[PDB]
>>> print(open('target.pdb').read())   # PDB, C-alpha atoms (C1' of nucleotides)
ATOM      1  CA  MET A   1     -76.437 112.078  78.092  1.00  0.00           C
ATOM      2  CA  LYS A   2     -75.599 111.308  74.466  1.00  0.00           C
ATOM      3  CA  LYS A   3     -74.347 107.828  73.550  1.00  0.00           C
ATOM      4  CA  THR A   4     -72.986 106.067  70.453  1.00  0.00           C
ATOM      5  CA  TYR A   5     -74.823 103.100  68.890  1.00  0.00           C
ATOM      6  CA  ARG A   6     -73.279 102.297  65.508  1.00  0.00           C
ATOM      7  CA  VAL A   7     -75.843 101.204  62.910  1.00  0.00           C
ATOM      8  CA  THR A   8     -75.422  99.477  59.536  1.00  0.00           C
ATOM      9  CA  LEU A   9     -77.576  99.187  56.393  1.00  0.00           C
ATOM     10  CA  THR A  10     -77.842  95.687  54.920  1.00  0.00           C
ATOM     11  CA  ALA A  11     -79.754  96.952  51.886  1.00  0.00           C
ATOM     12  CA  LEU A  12     -81.113  93.596  50.761  1.00  0.00           C
ATOM     13  CA  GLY A  13     -83.266  95.388  48.190  1.00  0.00           C
ATOM     14  CA  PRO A  14     -82.255  97.847  45.480  1.00  0.00           C
ATOM     15  CA  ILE A  15     -82.530 101.512  46.392  1.00  0.00           C
ATOM     16  CA  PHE A  16     -83.731 104.698  44.704  1.00  0.00           C
ATOM     17  CA  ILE A  17     -83.646 108.274  45.999  1.00  0.00           C
ATOM     18  CA  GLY A  18     -83.711 111.545  44.089  1.00  0.00           C
ATOM     19  CA  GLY A  19     -80.808 113.889  43.530  1.00  0.00           C
ATOM     20  CA  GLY A  20     -81.368 114.734  39.892  1.00  0.00           C
ATOM     21  CA  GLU A  21     -82.603 113.488  36.540  1.00  0.00           C
ATOM     22  CA  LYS A  22     -81.316 112.761  33.047  1.00  0.00           C
ATOM     23  CA  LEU A  23     -83.027 112.586  29.655  1.00  0.00           C
ATOM     24  CA  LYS A  24     -82.989 109.979  26.862  1.00  0.00           C
ATOM     25  CA  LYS A  25     -79.875 108.096  25.724  1.00  0.00           C
ATOM     26  CA  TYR A  26     -77.721 111.087  24.824  1.00  0.00           C
ATOM     27  CA  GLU A  27     -74.866 110.590  27.304  1.00  0.00           C
ATOM     28  CA  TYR A  28     -75.358 106.975  28.436  1.00  0.00           C
ATOM     29  CA  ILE A  29     -75.260 103.635  26.630  1.00  0.00           C
ATOM     30  CA  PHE A  30     -78.117 101.161  27.095  1.00  0.00           C
ATOM     31  CA  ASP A  31     -76.731  98.054  25.418  1.00  0.00           C
ATOM     32  CA  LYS A  32     -78.851  95.041  24.506  1.00  0.00           C
ATOM     33  CA  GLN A  33     -76.304  92.600  23.036  1.00  0.00           C
ATOM     34  CA  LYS A  34     -75.029  91.083  26.296  1.00  0.00           C
ATOM     35  CA  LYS A  35     -77.618  93.029  28.356  1.00  0.00           C
ATOM     36  CA  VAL A  36     -75.473  95.644  30.088  1.00  0.00           C
ATOM     37  CA  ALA A  37     -75.778  99.404  30.593  1.00  0.00           C
ATOM     38  CA  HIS A  38     -73.236 102.210  30.855  1.00  0.00           C
ATOM     39  CA  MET A  39     -72.860 105.737  32.248  1.00  0.00           C
ATOM     40  CA  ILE A  40     -70.127 108.113  31.101  1.00  0.00           C
ATOM     41  CA  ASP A  41     -67.565 110.147  33.008  1.00  0.00           C
ATOM     42  CA  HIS A  42     -66.722 113.760  32.119  1.00  0.00           C
ATOM     43  CA  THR A  43     -63.006 114.575  31.812  1.00  0.00           C
ATOM     44  CA  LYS A  44     -61.980 111.576  29.709  1.00  0.00           C
ATOM     45  CA  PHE A  45     -64.987 112.202  27.458  1.00  0.00           C
ATOM     46  CA  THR A  46     -63.917 115.839  27.036  1.00  0.00           C
ATOM     47  CA  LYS A  47     -60.389 114.801  26.063  1.00  0.00           C
ATOM     48  CA  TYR A  48     -61.763 112.111  23.732  1.00  0.00           C
ATOM     49  CA  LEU A  49     -63.955 114.657  21.947  1.00  0.00           C
ATOM     50  CA  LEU A  50     -61.010 117.069  21.789  1.00  0.00           C
ATOM     51  CA  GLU A  51     -59.001 114.364  20.000  1.00  0.00           C
TER      52      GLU A  51
ATOM     53  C1'   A B   1     -44.352 228.269  69.568  1.00  0.00           C
ATOM     54  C1'   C B   2     -49.286 222.263  72.848  1.00  0.00           C
ATOM     55  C1'   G B   3     -45.518 219.378  80.542  1.00  0.00           C
ATOM     56  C1'   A B   4     -42.630 219.144  75.414  1.00  0.00           C
ATOM     57  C1'   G B   5     -39.739 216.296  71.765  1.00  0.00           C
ATOM     58  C1'   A B   6     -37.638 211.592  70.453  1.00  0.00           C
ATOM     59  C1'   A B   7     -39.088 205.916  72.111  1.00  0.00           C
ATOM     60  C1'   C B   8     -42.173 198.902  68.276  1.00  0.00           C
ATOM     61  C1'   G B   9     -44.425 195.977  75.019  1.00  0.00           C
ATOM     62  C1'   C B  10     -40.613 194.040  72.258  1.00  0.00           C
ATOM     63  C1'   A B  11     -36.640 189.550  72.297  1.00  0.00           C
ATOM     64  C1'   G B  12     -35.954 183.623  73.294  1.00  0.00           C
ATOM     65  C1'   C B  13     -39.818 179.439  73.705  1.00  0.00           C
ATOM     66  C1'   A B  14     -42.648 172.616  69.359  1.00  0.00           C
ATOM     67  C1'   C B  15     -49.843 172.343  72.822  1.00  0.00           C
ATOM     68  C1'   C B  16     -46.358 168.749  73.660  1.00  0.00           C
ATOM     69  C1'   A B  17     -45.158 163.618  76.535  1.00  0.00           C
ATOM     70  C1'   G B  18     -47.310 158.266  77.628  1.00  0.00           C
ATOM     71  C1'   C B  19     -51.758 155.315  75.561  1.00  0.00           C
ATOM     72  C1'   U B  20     -53.702 148.345  70.729  1.00  0.00           C
ATOM     73  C1'   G B  21     -60.523 151.094  68.948  1.00  0.00           C
ATOM     74  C1'   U B  22     -59.828 147.051  72.025  1.00  0.00           C
ATOM     75  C1'   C B  23     -62.700 142.784  74.913  1.00  0.00           C
ATOM     76  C1'   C B  24     -66.885 138.497  74.765  1.00  0.00           C
ATOM     77  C1'   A B  25     -69.925 136.152  70.572  1.00  0.00           C
ATOM     78  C1'   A B  26     -70.699 129.214  65.611  1.00  0.00           C
ATOM     79  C1'   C B  27     -74.209 132.861  59.421  1.00  0.00           C
ATOM     80  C1'   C B  28     -77.037 130.100  62.851  1.00  0.00           C
ATOM     81  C1'   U B  29     -82.536 127.898  63.443  1.00  0.00           C
ATOM     82  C1'   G B  30     -86.636 124.807  61.016  1.00  0.00           C
ATOM     83  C1'   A B  31     -87.533 122.169  56.786  1.00  0.00           C
ATOM     84  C1'   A B  32     -87.816 112.738  52.277  1.00  0.00           C
ATOM     85  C1'   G B  33     -88.311 113.464  44.714  1.00  0.00           C
ATOM     86  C1'   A B  34     -92.477 111.450  46.399  1.00  0.00           C
ATOM     87  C1'   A B  35     -96.780 111.013  44.039  1.00  0.00           C
ATOM     88  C1'   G B  36    -100.758 106.767  38.935  1.00  0.00           C
ATOM     89  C1'   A B  37     -95.056 107.983  34.460  1.00  0.00           C
TER      90        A B  37
END
>>> encode(input="target.pdb", output="structure tokens")
Amino acid sequence: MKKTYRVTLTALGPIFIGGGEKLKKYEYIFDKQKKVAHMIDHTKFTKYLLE
RNA sequence: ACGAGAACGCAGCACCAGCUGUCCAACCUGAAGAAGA
């Protein structure tokens, strides 16, 4: 008979799996001043470009 | 100078009454973004 054993994932290491791909820095910011990176949303960017 | 002549087989009348094209059934099965960029 089926049972229930709850399991967790203490991902001590960083993870990568594929769901898609993106090209060079045309919609994401790769800063180097304070060493941070950024990825954009969609709707706010659309409104920003509209204005 | 016909066993003759004259004489609508015609008049009234709903192929109609009741009746679920319904019942059961999963659009379901099997299938890593890796890899020497």
>>> atom_distance(input="target.pdb", atom1="atom CA of residue A:22", atom2="atom CA of residue A:40")
12.3 Å
>>> interface_residues(input="target.pdb", of="chain B", to="chain A", cutoff="12 Å", atoms="all atoms listed in the file", output="JSON, numbers by chain")
{"B": [32, 33, 34]}
>>> residues_around(input="target.pdb", residues="residue A:39", least_positions_apart="4", cutoff="9 Å", atoms="only C-alpha atoms (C1' of nucleotides)", output="MDAnalysis selection string")
chainID A and resid 27:30
>>> write_last_selection(input="target.pdb", atoms="C-alpha atoms", output="mmCIF file, keeping the file's coordinate frame")
data_model
loop_
_atom_site.group_PDB
_atom_site.id
_atom_site.type_symbol
_atom_site.label_atom_id
_atom_site.label_comp_id
_atom_site.auth_asym_id
_atom_site.auth_seq_id
_atom_site.Cartn_x
_atom_site.Cartn_y
_atom_site.Cartn_z
ATOM 1 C CA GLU A 27 -74.866 110.590 27.304
ATOM 2 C CA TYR A 28 -75.358 106.975 28.436
ATOM 3 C CA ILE A 29 -75.260 103.635 26.630
ATOM 4 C CA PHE A 30 -78.117 101.161 27.095
#
>>> atom_distance(input="target.pdb", atom1="atom CA of residue A:15", atom2="atom CA of residue A:37")
17.3 Å
>>> atom_distance(input="target.pdb", atom1="atom CA of residue A:26", atom2="atom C1' of residue B:37")
20.1 Å
>>> axis_aligned_box(input="target.pdb", around="stretch 32-46 of chain A", padding_each_side="6 Å", output="JSON")
{"center_x": -70.4, "center_y": 103.5, "center_z": 28.0, "size_x": 28.9, "size_y": 36.8, "size_z": 22.0}
>>> decode(input="target.pdb", residues="stretch 28-51 of chain A", atoms="N, CA, C and O atoms", output="PDB file, in the first residue's frame")
ATOM      1  N   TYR A  28      19.114  42.163 -20.012  1.00  0.00           N
ATOM      2  CA  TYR A  28      19.542  41.999 -18.630  1.00  0.00           C
ATOM      3  C   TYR A  28      20.823  42.784 -18.402  1.00  0.00           C
ATOM      4  O   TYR A  28      21.665  42.906 -19.296  1.00  0.00           O
ATOM      5  N   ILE A  29      20.959  43.313 -17.189  1.00  0.00           N
ATOM      6  CA  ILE A  29      22.079  44.166 -16.817  1.00  0.00           C
ATOM      7  C   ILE A  29      23.101  43.326 -16.068  1.00  0.00           C
ATOM      8  O   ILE A  29      22.762  42.648 -15.091  1.00  0.00           O
ATOM      9  N   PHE A  30      24.348  43.367 -16.524  1.00  0.00           N
ATOM     10  CA  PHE A  30      25.459  42.700 -15.852  1.00  0.00           C
ATOM     11  C   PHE A  30      26.398  43.796 -15.357  1.00  0.00           C
ATOM     12  O   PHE A  30      27.372  44.150 -16.023  1.00  0.00           O
ATOM     13  N   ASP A  31      26.096  44.329 -14.176  1.00  0.00           N
ATOM     14  CA  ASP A  31      26.877  45.423 -13.625  1.00  0.00           C
ATOM     15  C   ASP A  31      28.240  44.930 -13.148  1.00  0.00           C
ATOM     16  O   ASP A  31      28.445  43.745 -12.871  1.00  0.00           O
ATOM     17  N   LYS A  32      29.181  45.869 -13.061  1.00  0.00           N
ATOM     18  CA  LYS A  32      30.520  45.585 -12.573  1.00  0.00           C
ATOM     19  C   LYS A  32      31.019  46.624 -11.579  1.00  0.00           C
ATOM     20  O   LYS A  32      32.163  46.519 -11.123  1.00  0.00           O
ATOM     21  N   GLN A  33      30.201  47.621 -11.234  1.00  0.00           N
ATOM     22  CA  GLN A  33      30.628  48.647 -10.289  1.00  0.00           C
ATOM     23  C   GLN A  33      30.677  48.094  -8.870  1.00  0.00           C
ATOM     24  O   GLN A  33      31.739  48.056  -8.239  1.00  0.00           O
ATOM     25  N   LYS A  34      29.529  47.659  -8.347  1.00  0.00           N
ATOM     26  CA  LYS A  34      29.466  46.984  -7.058  1.00  0.00           C
ATOM     27  C   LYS A  34      29.279  45.478  -7.207  1.00  0.00           C
ATOM     28  O   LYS A  34      28.953  44.798  -6.227  1.00  0.00           O
ATOM     29  N   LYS A  35      29.491  44.950  -8.415  1.00  0.00           N
ATOM     30  CA  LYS A  35      29.475  43.514  -8.698  1.00  0.00           C
ATOM     31  C   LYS A  35      28.117  42.893  -8.354  1.00  0.00           C
ATOM     32  O   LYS A  35      27.979  42.062  -7.454  1.00  0.00           O
ATOM     33  N   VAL A  36      27.107  43.337  -9.104  1.00  0.00           N
ATOM     34  CA  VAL A  36      25.764  42.774  -9.048  1.00  0.00           C
ATOM     35  C   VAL A  36      25.253  42.578 -10.471  1.00  0.00           C
ATOM     36  O   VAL A  36      25.792  43.132 -11.432  1.00  0.00           O
ATOM     37  N   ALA A  37      24.208  41.762 -10.598  1.00  0.00           N
ATOM     38  CA  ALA A  37      23.582  41.472 -11.881  1.00  0.00           C
ATOM     39  C   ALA A  37      22.072  41.629 -11.751  1.00  0.00           C
ATOM     40  O   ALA A  37      21.518  41.603 -10.649  1.00  0.00           O
ATOM     41  N   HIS A  38      21.405  41.807 -12.892  1.00  0.00           N
ATOM     42  CA  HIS A  38      19.982  42.111 -12.899  1.00  0.00           C
ATOM     43  C   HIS A  38      19.289  41.408 -14.058  1.00  0.00           C
ATOM     44  O   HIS A  38      19.879  41.193 -15.119  1.00  0.00           O
ATOM     45  N   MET A  39      18.018  41.061 -13.838  1.00  0.00           N
ATOM     46  CA  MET A  39      17.133  40.503 -14.854  1.00  0.00           C
ATOM     47  C   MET A  39      15.823  41.278 -14.830  1.00  0.00           C
ATOM     48  O   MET A  39      15.322  41.617 -13.755  1.00  0.00           O
ATOM     49  N   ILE A  40      15.256  41.547 -16.006  1.00  0.00           N
ATOM     50  CA  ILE A  40      14.140  42.475 -16.110  1.00  0.00           C
ATOM     51  C   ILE A  40      12.827  41.711 -16.027  1.00  0.00           C
ATOM     52  O   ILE A  40      12.746  40.515 -16.317  1.00  0.00           O
ATOM     53  N   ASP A  41      11.775  42.427 -15.638  1.00  0.00           N
ATOM     54  CA  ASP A  41      10.410  41.935 -15.750  1.00  0.00           C
ATOM     55  C   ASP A  41       9.877  42.295 -17.136  1.00  0.00           C
ATOM     56  O   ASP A  41      10.627  42.701 -18.028  1.00  0.00           O
ATOM     57  N   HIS A  42       8.568  42.146 -17.342  1.00  0.00           N
ATOM     58  CA  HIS A  42       7.967  42.424 -18.640  1.00  0.00           C
ATOM     59  C   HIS A  42       7.008  43.609 -18.615  1.00  0.00           C
ATOM     60  O   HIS A  42       7.210  44.569 -19.360  1.00  0.00           O
ATOM     61  N   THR A  43       5.974  43.575 -17.770  1.00  0.00           N
ATOM     62  CA  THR A  43       4.891  44.553 -17.877  1.00  0.00           C
ATOM     63  C   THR A  43       5.368  45.961 -17.533  1.00  0.00           C
ATOM     64  O   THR A  43       5.035  46.932 -18.230  1.00  0.00           O
ATOM     65  N   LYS A  44       6.136  46.094 -16.451  1.00  0.00           N
ATOM     66  CA  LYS A  44       6.656  47.405 -16.081  1.00  0.00           C
ATOM     67  C   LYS A  44       7.599  47.936 -17.151  1.00  0.00           C
ATOM     68  O   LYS A  44       7.614  49.139 -17.430  1.00  0.00           O
ATOM     69  N   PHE A  45       8.388  47.052 -17.767  1.00  0.00           N
ATOM     70  CA  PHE A  45       9.253  47.469 -18.866  1.00  0.00           C
ATOM     71  C   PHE A  45       8.439  47.953 -20.060  1.00  0.00           C
ATOM     72  O   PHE A  45       8.804  48.940 -20.711  1.00  0.00           O
ATOM     73  N   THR A  46       7.335  47.265 -20.369  1.00  0.00           N
ATOM     74  CA  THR A  46       6.468  47.698 -21.462  1.00  0.00           C
ATOM     75  C   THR A  46       5.905  49.086 -21.192  1.00  0.00           C
ATOM     76  O   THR A  46       5.920  49.957 -22.068  1.00  0.00           O
ATOM     77  N   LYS A  47       5.405  49.309 -19.974  1.00  0.00           N
ATOM     78  CA  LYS A  47       4.860  50.623 -19.637  1.00  0.00           C
ATOM     79  C   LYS A  47       5.946  51.693 -19.660  1.00  0.00           C
ATOM     80  O   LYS A  47       5.712  52.823 -20.111  1.00  0.00           O
ATOM     81  N   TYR A  48       7.144  51.352 -19.178  1.00  0.00           N
ATOM     82  CA  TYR A  48       8.264  52.287 -19.187  1.00  0.00           C
ATOM     83  C   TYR A  48       8.625  52.698 -20.608  1.00  0.00           C
ATOM     84  O   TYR A  48       8.841  53.882 -20.889  1.00  0.00           O
ATOM     85  N   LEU A  49       8.694  51.727 -21.522  1.00  0.00           N
ATOM     86  CA  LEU A  49       8.970  52.048 -22.918  1.00  0.00           C
ATOM     87  C   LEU A  49       7.834  52.855 -23.534  1.00  0.00           C
ATOM     88  O   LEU A  49       8.074  53.740 -24.365  1.00  0.00           O
ATOM     89  N   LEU A  50       6.590  52.561 -23.146  1.00  0.00           N
ATOM     90  CA  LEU A  50       5.456  53.325 -23.655  1.00  0.00           C
ATOM     91  C   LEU A  50       5.544  54.786 -23.231  1.00  0.00           C
ATOM     92  O   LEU A  50       5.196  55.686 -24.004  1.00  0.00           O
ATOM     93  N   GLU A  51       6.006  55.042 -22.007  1.00  0.00           N
ATOM     94  CA  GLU A  51       6.224  56.403 -21.536  1.00  0.00           C
ATOM     95  C   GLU A  51       7.635  56.912 -21.826  1.00  0.00           C
ATOM     96  O   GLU A  51       8.110  57.820 -21.133  1.00  0.00           O
TER      97      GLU A  51
END
